[PDB]
Amino acid sequence: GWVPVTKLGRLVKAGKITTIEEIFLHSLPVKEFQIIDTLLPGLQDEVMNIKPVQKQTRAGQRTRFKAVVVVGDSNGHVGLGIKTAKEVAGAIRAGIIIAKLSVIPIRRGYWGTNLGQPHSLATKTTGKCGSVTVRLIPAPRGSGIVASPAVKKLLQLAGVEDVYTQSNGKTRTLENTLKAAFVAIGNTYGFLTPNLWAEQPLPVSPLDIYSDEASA
Amino acid sequence: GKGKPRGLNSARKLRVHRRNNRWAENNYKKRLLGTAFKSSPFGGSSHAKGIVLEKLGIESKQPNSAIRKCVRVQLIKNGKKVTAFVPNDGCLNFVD
Amino acid sequence: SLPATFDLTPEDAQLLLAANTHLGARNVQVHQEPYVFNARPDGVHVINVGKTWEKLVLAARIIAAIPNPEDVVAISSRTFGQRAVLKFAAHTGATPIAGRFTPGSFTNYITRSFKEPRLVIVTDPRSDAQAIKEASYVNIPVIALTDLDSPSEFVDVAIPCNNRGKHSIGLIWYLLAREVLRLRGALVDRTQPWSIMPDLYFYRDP
Amino acid sequence: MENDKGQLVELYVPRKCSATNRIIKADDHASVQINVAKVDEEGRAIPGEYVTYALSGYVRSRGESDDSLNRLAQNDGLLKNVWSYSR
Amino acid sequence: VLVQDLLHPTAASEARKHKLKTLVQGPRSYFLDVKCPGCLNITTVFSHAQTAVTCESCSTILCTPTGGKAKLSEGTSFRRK
Amino acid sequence: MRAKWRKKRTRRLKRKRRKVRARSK
Amino acid sequence: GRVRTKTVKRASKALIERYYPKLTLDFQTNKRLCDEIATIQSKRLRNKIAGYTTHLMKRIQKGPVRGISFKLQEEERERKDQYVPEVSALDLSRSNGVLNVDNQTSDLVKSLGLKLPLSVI
Amino acid sequence: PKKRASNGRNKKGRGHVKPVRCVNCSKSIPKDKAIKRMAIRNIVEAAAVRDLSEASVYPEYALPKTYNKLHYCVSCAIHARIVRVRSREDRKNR
Amino acid sequence: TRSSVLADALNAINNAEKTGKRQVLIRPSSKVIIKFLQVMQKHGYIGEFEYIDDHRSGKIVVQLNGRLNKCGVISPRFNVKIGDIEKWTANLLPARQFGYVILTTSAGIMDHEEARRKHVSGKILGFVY
RNA sequence: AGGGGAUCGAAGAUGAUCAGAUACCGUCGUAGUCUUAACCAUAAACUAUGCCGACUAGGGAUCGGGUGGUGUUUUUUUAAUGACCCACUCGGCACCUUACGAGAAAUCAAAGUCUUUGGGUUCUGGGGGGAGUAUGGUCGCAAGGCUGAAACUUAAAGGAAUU
């Protein structure tokens, strides 16, 4: 019992919602961290690196450390968190504590004959965070992942197994490339494909159906 | 648009424009002008023998206060004064 | 379709055109309000009553659509409609807020200014632009009272009326109070009028 | 999508916008869901029937949704003279 | 607004914008018939004359050149055609 | 790095070099 | 610098919203009454909280202000005692001769035709 | 770099240049479009006008002012305390 | 000037989707445009369009759909061999499951898959998806 | 090379202040600042944003023209003209709120319609110095202009914003 003061936290506590497909479907906002980890407790975590950054004061140097970290299980779900803290111990936990909130699913598609399980993206996507952009190309079966080690682990924990990658600008900015890649894998679902050309019933949100479990 | 022409029968216009543009390379320029052949003291050679005439005590730049014990060597085929640097410790007496 | 019981009845029209609400904004016009109707000289505009009433019953349908009336919130920073919001808070749930709208009402999950709405209504988008801008961060549809030159962006349902006239803002607040009660079942007397009159929702200087 | 022998795939099939017919992002915070009731000739709206129109974040950004909900309502039959296709 | 009727626009809007910007090309100029007082002498005068036309009888100039239309004389019975 | 005065000095050097050239030819 | 601080201000309006009809304009019995309210440690601070509390109580006698709630700011008696100011507002007044003479209004709105004069200018 | 338009010159023509008036910081103004500060100060300052009115041989009449159209405040009036340095709220007026 | 009539018509299409419009006015209604717009209805990519004709050039009113993503014209007139069509769709097409880059042969105007069926190649205009 | 040569005024002559001041500051003062016939072909010659053509969120003001409303005025109220009002149009110089979009940001109704990369065309640049320098050509009375390197040296030069 974590006494959810919000509305979505009560829904996940009551057990009415058993998966995060529909909240992703309805784009309802998420501001609580436990829903992601309680629903997905098997995700793996790792930290790219630590960037020391300081703010100049009148006396001495007042320095912090910049930490970025990717969250998400190996099945189509992945997130990122960008944060800095006065010490490296709290930066990684402060990195992950906000990384769970921005978790987005993936548009895993096929490269040919759509025979086996999904392996790559269904379309090429782009993402521009700053002056650096990343171009993702669907890759044939067993072609592996062709990217720099800083970004190649993003694809590995994103649930995808082989995507051709292209980049522009200075890629040494790891946090910009990480977010540019993140923007790319979020825009891949923004592509309209003939398989979605059929209309949908547009189901109602479960919050309206389960509005009887409010605060009072 | 976007600068360079995009015409079907315009090939020669941006072909010559390409030639003037690649003229600005450091690689393209000295490859044909023969700077490594007419100005360099090696004549396009990876290695060359020579005769040591005297030694030098040239200092270093900032912030290092040291001397590398350089030596002066004269070539044979070309024949111009050239400075050389002793690689390892204790070899100055072997290149006296 | 509608059962034709929400037409332009004389009883709701006599008070509607007796409160100079038919006039619009000045010669400045926005294409989000195509309700221009043979613009009057001196630069003032005239809106058509039919579309305002038809969208007003539609807006009342939105409020009655929610199952829990508590989440309904009305935003008003202008001094004319402050008393209207608190008065509308008694007939239904209608969680009110007047004066300075606190920033981050929907966000900031620890503050005592927590709001968990589903529908929020703004009397004038120009003054309460913060509420509408914030409502797009928590996935909450907004209803707005927009004139012919008001900033009607970020709006789902716009009610064309005069937000500068003292009588008009309180008048529209009174009508939507009746209809939301009528569609909720509390007002069984569909044909009979409502006992309380319109100038209930009128702020005064003392 | 669907592969050859069944095995339903493409989890999280998203709703499509009802105004300009494009897809919306799962993290798109500018998209809202609007429900409209229906009164069956009794003077009070019966709950349980709510037509759901999808308003994308783009139509919200341009402020055209205010002049859009009348378009879809009149096409359904909820409005009579609010919307006029002729210009 | 994203839905507009460019196929069948309202005639009030069509007859207001510039002629080159309408749905179809059409001039706003028109012909007319004017009588010089006295003899009938049926003639047709186009509104944008840019000239001082006169009847075949004598110097009976009815319209004067102007930047826009032609300024008709004080005594003229012109009928829309 | 005053462009104007270093530029003027460059023209003075041009003058001197032209004089040196004209001494022989 | 004779300026009050929030330390005495947080305790003051807390006293007013809960313990208003206990004190009076008096000063020394206000000090004595402070002992009969939630315990306060320093007597020096007691000299200021009593001095502040009567200061707002001089202001309220000439018109109550914001930030106070002692069940008469929450009077709520017919809103501002005007509740339903009907006095036949939607009739009478000018409806005896019928009002809304107007110009270019529902007279040219062809949805329906209502009464009242339609010729002004 | 601030000062998009610098001054109000968007068209062409270059105008001309007039001398700067009693500044000791006179220079070529960037065209006639500068800070103006036109002055309508009276010939006689406030007070001491009662003596002038009494000493007038004829009654009423007089009381005109100096009508000086000034172009003297240009890029140096901060020394003369006329044009105030400001910040990103400079969007007021031009 | 009016160099490529295809540029303005196809570009004027491109702006109208990203702003979410419903109809587009198209000029100057050439034979290679009307056939360009003709091969989408059979694939359900644009819907229906109207041809209002005047004596000078005519005008096209295009009623579009949101299923479309992006359309363009490749300039200049490029030459395509039988060993080049698969090269082009692997270059500027997101995938082969969707999107049909089109081209014209001596026998009218078709798409890349349809021309692959033709066993013949030809002249390329642009891409549609 | 002539005319003119009043004010200002490269040089210069003086008087300051300054340790030093042929600089800032005061007064004179030649060439010049004006024009004629012939050269000079340069600038932060900037909107640092090439030209042509099409589309894209709005509003207001303004220049020139035009259209309609017994419009308000001007007399010989009224015929007219012209001054303006209202509504709109074309061509513009341009502004105000926002950013669907771009940009590293400053910002941009284009610096947008560029990885979802392709409307047509011309010119320029591949690290900073050396150096717009050497030489070779070319025009110019001269001063100068156009074209235009190399050797050698360095790991930094430069742009937008933050504390």
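Values quoted throughout were computed directly from the atomic coordinates according to the rules given, and no laboratory measurement underlies them. Methodologically, a virtual Cβ is constructed for each residue, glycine included, from the backbone with ideal geometry; neighbour enumeration extends over all protein chains shown.
Tabulated results
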| read-out | value |
| --- | --- |
| Simple Cβ-charge dipole of chain D, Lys/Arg +1 and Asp/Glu -1, about Cα centre, in debye nearest 20 | 300 debye |
| Charged-residue dipole, Cβ positions (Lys, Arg, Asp, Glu), the protein assembly as shown about Cα centre, Debye nearest 20 | 11860 debye |
| Pairwise centroid distance, computed over Cα atoms, of the range A:183-206 with the range H:1-28, Å | 59 Å |
| Normalised alpha carbon radius of gyration of chain B [divisor 2.2 N^0.38 Å] | 1.84 |
| Unit charges on C-beta of K, R, D, E only; dipole of the range I:69-129, Debye | 100 debye |
| Rg(Cα) / (2.2 N^0.38 Å) computed for chain E, rounded to two decimals | 1.53 |
| Residue pairs, from the table B:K30/B:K81; B:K38/F:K19; H:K31/H:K65; A:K179/C:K115; B:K2/H:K11; B:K38/B:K69, whose Cα atoms sit over 27 Å apart | B:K38/F:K19; H:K31/H:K65; A:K179/C:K115; B:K2/H:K11; B:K38/B:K69 |
| Estimated inter-spin distance, H:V83 and A:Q54, nm [label 7 Å along Cα→Cβ] | 4.1 nm |
| Chain D - Rg over Rh from alpha carbon coordinates, Kirkwood radius | 1.08 |
| Choice from C:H45, C:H31, C:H91 showing the highest fluctuation, given a GNM over chain C with Cα pairs closer than 10 Å | C:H31 |
| For the range B:20-49 and the range C:150-206, distance of Cα centres in Å | 87 Å |
| Lone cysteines, chain H (no partner Cβ under 4.7 Å) | H:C22, H:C73 |
| Estimated FRET transfer efficiency (G:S69, C:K133; beta-carbon r; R0 35 Å; 0.05) | 0.65 |
| For chain I: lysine pairs under 15 Å (alpha-carbon distance), excluding those fewer than 8 apart on one chain | 8 |
| The range G:54-59 - phi-based ³J(HN,Hα) in whole Hz, Karplus 6.51/-1.76/1.60, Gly and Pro as x | 5, 5, 5, 6, 6, 6 |
| Dimensionless Rg ratio for the range I:1-68, taking C-alpha atoms and the 2.2 N^0.38 Å reference | 1.06 |
| Cα-based Kirkwood hydrodynamic radius, the range A:70-192, one decimal, Å | 14.8 Å |
| Å³ per residue enclosed by the Cα convex hull of chain H | 185 Å³ |
| FRET E, pair A:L202, I:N65, Förster distance 22 Å, beta-carbon r, rounded to 0.05 | 0.80 |
| Segment C:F114-C:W194, length gained on full extension (0.36 nm per residue, minus Cα span) | 25.4 nm |
| For chain G, projected area of the alpha-carbon convex hull averaged over all directions, nm² | 14.7 nm² |
| Cα pair distances in the range C:71-195, grouped into 5 Å bins until the bin that holds the longest one, percent each | 2, 11, 21, 24, 20, 13, 6, 3, 1, 0 |
| Positive-end residue, the protein assembly as shown charge dipole about Cα centroid, Cβ charges, pick of A:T177, E:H8, A:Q44 | A:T177 |
| Calculated FRET efficiency for the pair A:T63/H:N10, C-beta based, R₀ 51 Å, to 0.05 | 0.60 |
| log₁₀ of I(q)/I(0) at q = 0.04, 0.05, 0.07 Å⁻¹ - the protein assembly as shown, Debye sum with one point per alpha carbon | -0.38, -0.59, -1.06 |
| Part-to-part distance (alpha-carbon centres) for the range D:22-57 and the range E:33-75, which is given in Å | 67 Å |
